[PDB]
Amino acid sequence: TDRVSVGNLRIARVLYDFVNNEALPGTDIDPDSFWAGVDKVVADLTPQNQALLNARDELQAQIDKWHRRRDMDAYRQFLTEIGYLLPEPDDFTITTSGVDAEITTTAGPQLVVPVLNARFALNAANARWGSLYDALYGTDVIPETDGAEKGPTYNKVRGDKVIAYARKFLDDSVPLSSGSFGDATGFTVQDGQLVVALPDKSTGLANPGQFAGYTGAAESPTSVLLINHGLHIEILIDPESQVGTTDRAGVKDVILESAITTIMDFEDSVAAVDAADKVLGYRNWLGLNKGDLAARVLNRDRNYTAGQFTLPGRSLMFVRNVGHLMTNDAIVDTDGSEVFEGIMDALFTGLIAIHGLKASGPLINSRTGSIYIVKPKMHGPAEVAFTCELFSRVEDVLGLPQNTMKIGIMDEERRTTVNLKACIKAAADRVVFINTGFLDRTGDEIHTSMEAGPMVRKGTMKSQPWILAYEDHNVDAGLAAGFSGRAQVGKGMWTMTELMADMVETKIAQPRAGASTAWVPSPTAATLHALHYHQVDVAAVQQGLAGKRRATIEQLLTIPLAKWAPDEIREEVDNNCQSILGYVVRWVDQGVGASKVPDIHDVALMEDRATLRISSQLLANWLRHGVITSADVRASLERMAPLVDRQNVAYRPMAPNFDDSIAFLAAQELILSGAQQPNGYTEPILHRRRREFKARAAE
Ligand SMILES: O=C(O)/C(O)=C/C(=O)c1ccc(O)cc1Br
Ligand SMILES: [Mg+2]
Ligand SMILES: [Mg+2]
């Protein structure tokens, strides 16, 4: 067989060769003891890994039959009875140490990209610094009304509104003692503080401490760096430029620190179903931790006059492993059982990250000596304990000190939401953030209460009582554990990549709730979301909330049951079957784990496996209570399958041959058998069908 024999494992050759030729050299770990640890850890941990998965199926099975009989008094008592709801520990504080300042202190956007896409990943690590002019001019933040519409050449009417918008931002972030940046006619620093020239007057910063440094001669600085809320603002002064020649202070651009941290993703935004897929990922992740990823390059750090100092130039990177559910046949055991993909990610992504700790690739990742892993889709504290013990064992195999691997706990399952304090206590010496995964969180809420009744519509979940408590309950728990100045309190993702006007308008709510950070789709959306953290003082908002328990158990357990006309239904099912179809074609046919599919209302939504978990779970729920039928679902399936194809070279249509499309027939499975996946997860059906398409295409 092609696989390579090591203890009780048969490792696919391509993985085995990658780890030996690319990963291990540099880490001073002997390739034979490394594989010995791998075989040993896997054999050690697979049992209670599988035990925990059975506990999900068991706890769930109790809930399902409960609702086909049975109103929160009996319910809450029954959940704590069966071990779902567990006791709350005593108040405590996290002890995680040696964490980069990006996570303990700075507040600001958090970006997520698929790690299998290298040029995206390059742009994301490069996204710690972003032009504000390009994000304002490039999007709908400036309305494309009047004579300010983007064209094939640069539009100057639009250009000055960019400048005026940024001039205002400068006024509301770094105030002058008297006057406005819009009437600014010169910049210079004389005797250590910057003097801004005005028409008649000359004024300085109201707080002269927000001056951080500059480029060029202090006479005619090529730029001036400013700080506010720990976030850096660079004004590039070069009147040579096209934009510089027009601006009344020679200003070329306004650059904001944008992507403070990025999350390189191995889970819901990627398709990776055999050992060849994971190694493109792993190779990209290795390319980043070395600092030699190219397609062009990672950018270097930036230097300033204060003498000279220097700032980070790339976004500090996390990785997101997969959770505890899926297996992957990149490794099989002697009788053929696929090995748990969560354990593989920890060993392999961990080993790789030793390179992002040294320079001999040239570029360092963590300056405090930590490795940052996000663990999605945990179900309770005991699942957190296991991830901890798993990381502790990987550390031994890899020879690094205990607790180098830190956790990014994802509050995206119901059983961790109501036991959140127990969860963070479990990781208490490794946690570096908690984050409301509200899409994954919504799919669990539906699948957990599937037998309770018909669910409210998808749009309506945004305002349901459970969700609102869930968002405030997380911030409560974080601050009560010491997260301020220690660990990020993080919130969820803006999916609408073309509505930056609405994003700039409404996403301010998240930092106003005390979020240290929130998730972004793009380097551009990251820059705009950064405007929100110059407005709101996240650190001050956090202190106004400590103690304030604005949420109880009963608000978290309120199930979004409904109580609709035959227009509101046919519009929901069609809407759903369209975003399911449009995501799954690119998923099954091309191994693309994230795509922008316009919903029914011509809104470009960025989909992943969480959003598809909500959609398919939803129809699934409406089918189980007879809101609609199987043939009605099939109708909307066939109704829209022509539409995504015109909405979509080297691509495969779906209509009229619905039987002969593994992508179409997968989407149909995802709904019609939707209810029977463990916790409504979508990896099984997607992984079996992705591998199927490959198998046909190889014949
Ligand atoms: O809230 C969650 O479930 C969470 O973890 C976020 C995502 O997984 C995600 C959702 C949509 C999207 O377009 C990109 C992503 Br990265
Ligand atoms: Mg999620
Ligand atoms: Mg302030």
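Residues numbered from 1 in each chain as written, not as in the entry; some residues may be left out. Chains lettered and ligands numbered in written order. Heavy atoms only, no water.

Our next topic: the overall build of the protein. The helix and strand inventory of the protein stands at 25 helices and 24 strands. The C-alpha radius of gyration of the protein comes to 26 Å, within 12% of the 27 Å expected for a compact globule of 699 residues. Referenced to the eigenvectors of the C-alpha coordinate spread, the extents of the protein come out at roughly 80 × 65 × 60 Å. A burial count over the protein gives 60% of its 699 residues as buried. For the protein, the computed accessible surface area is about 27,100 Å², with 50% contributed by carbon and sulfur atoms. (Helix = DSSP H or I, 4+ residues; strand = E, 2+ residues; numbered from the N terminus. Rg over C-alpha atoms; globule rule 2.2 N^0.38 Å. Buried < 20%, exposed > 50% of the residue type's maximum accessible area, 1.4 Å probe, protein only. Areas by Shrake-Rupley, 256 points an atom, 1.4 Å probe, with all protein chains shown as cover.)

What follows deals with the site of ligand 1. For ligand 1, the full set of nearby residues is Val 112, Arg 320, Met 410, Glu 412, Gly 437, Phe 438, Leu 439, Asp 440, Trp 519, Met 606, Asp 608 and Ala 610. Between ligand 1 and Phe 438 there is a distance of 3.2 Å, counted from an oxygen atom to a backbone nitrogen or oxygen. Taking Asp 440, its main chain carries an N or O atom lying 2.8 Å from an oxygen atom of ligand 1. Coverage of ligand 1 by the protein chains reaches 97% of its 400 Å² of free accessible surface. Sort the elements by how many residues they give to the shell around ligand 1 and helix α14 (residues 438-448) lands first, with three residues. In terms of residue class, the shell around ligand 1 is made up of seven nonpolar, one polar and four charged. Looking at which domains feed residues into the shell around ligand 1, each of domain 1 (1-128 + 258-562) and domain 3 (563-699) gives three or more. (Near = heavy atom within 4 Å. Polar contact = N/O pair within 3.5 Å; in protein donor to acceptor, adjacent residues only side chain to side chain. Nonpolar A, V, L, I, M, F, W, Y, C, P; charged D, E, K, R; others polar. Domains from an automatic or database assignment.)

A few words now on the packing of helix α21 (residues 568-590) against helix α25 (residues 683-698). The packing of two helices is summarised by the inter-axis angle and the distance between the axes. Relative to each other, α21 and α25 sit at 50°, their axes nearing to 7 Å. With respect to α25, the axis of α21 lies oblique. For the pair α21 and α25, the contacting residues are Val 584, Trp 587, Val 588, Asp 589 and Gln 590 in the first and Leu 686, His 687, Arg 689, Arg 690 and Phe 693 in the second. Considering only residue class, the contact of α21 with α25 consists of five nonpolar, two polar and three charged. (Axes fitted to C-alpha atoms, helices over the stretch in contact; angles between N-to-C directions. Parallel < 35°, antiparallel > 145°, perpendicular 65-115°, else oblique. Contact = heavy atoms within 4.5 Å.)

Looking now at the UniProt feature "binding site: Mg(2+)" (unreviewed entry) in the protein. The UniProt entry lists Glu 412 and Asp 440 under the feature "binding site: Mg(2+)" (unreviewed entry), expressed in the numbering used here. Over a stretch of 29 residues, the named residues converge on one spot in the fold, their C-alpha atoms separated by at most 5.3 Å. For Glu 412, the location among the structural elements is in the loop between β19 (405-411) and α12 (414-417). Of note is the side chain of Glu 412, whose polar atom sits 2.8 Å from the backbone nitrogen of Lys 377. With respect to the helices and strands, the residue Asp 440 is situated in helix α14. Among all residues touching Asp 440, those that are not within four sequence positions of it are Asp 268, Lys 377, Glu 412, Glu 413, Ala 610 and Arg 613. (UniProt positions renumbered as here; feature names shortened; annotations may be inferred.)

Looking now at the state of the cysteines. Here is the idea: a disulfide is a covalent bond, and it sits between the sulfur atoms of two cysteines. In the structure shown here, the tally under the stated rule is zero disulfides. For the unlinked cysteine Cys 388, the closest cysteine sulfur is that of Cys 423, found at 11 Å. The class of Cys 388 is buried, set by a relative accessible area of 11%. (Disulfide = S-S within 2.5 Å.)

Turning to the side chain of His 67, a few remarks are in order. Its location among the elements puts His 67 in helix α2 (residues 31-67). Take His 67: its relative accessible area is 13%, and that puts it in the buried class. With sequence-adjacent residues up to four places away left out, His 67 is seen in contact with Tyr 75, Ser 449, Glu 451, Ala 452 and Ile 559.

Now for the domain arrangement of the protein. Many authors give the size of an interface as the accessible area that is lost as the parts come together. Looking at the protein, the domain boundaries give domain 1 (1-128 + 258-562), domain 2 (129-257) and domain 3 (563-699). Just the C-alpha atoms count here: the centres of domain 1 and domain 2 sit 36 Å apart. The interface is formed by 32 residues belonging to domain 1 together with 26 residues belonging to domain 2. Summing the contributions of domain 1 and of domain 2, the shared interface buries around 2,300 Å²; its carbon and sulfur component is 62%. Interface area lost by domain 1 to domain 2 is led by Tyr 304, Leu 531 and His 534, which between them contribute 27%. Between the two partners, domain 1 and domain 2, sit two salt bridges. (Buried area = accessible area lost by both parts, 1.4 Å probe. Salt bridge = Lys/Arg side-chain N within 4 Å of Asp/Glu carboxyl O.)

Looking now at the nonpolar core. One finds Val 19, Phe 34, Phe 187, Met 264 and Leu 528 to be the most contacted residues of the largest nonpolar core, which totals 133 residues. The residues that make up this core include at least three from each of domain 1 (1-128 + 258-562) and domain 2 (129-257). Beyond its immediate stretch of four places on either side in the chain, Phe 187 contacts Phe 181, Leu 194, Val 195, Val 196, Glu 219, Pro 221, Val 224, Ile 235, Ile 237, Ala 249 and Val 251. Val 418, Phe 438, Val 644 and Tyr 651 belong to the second largest nonpolar core, which has 63 residues in total. (Core = buried A, V, L, I, M, F, W, Y, C linked by side-chain atoms within 4.5 Å.)

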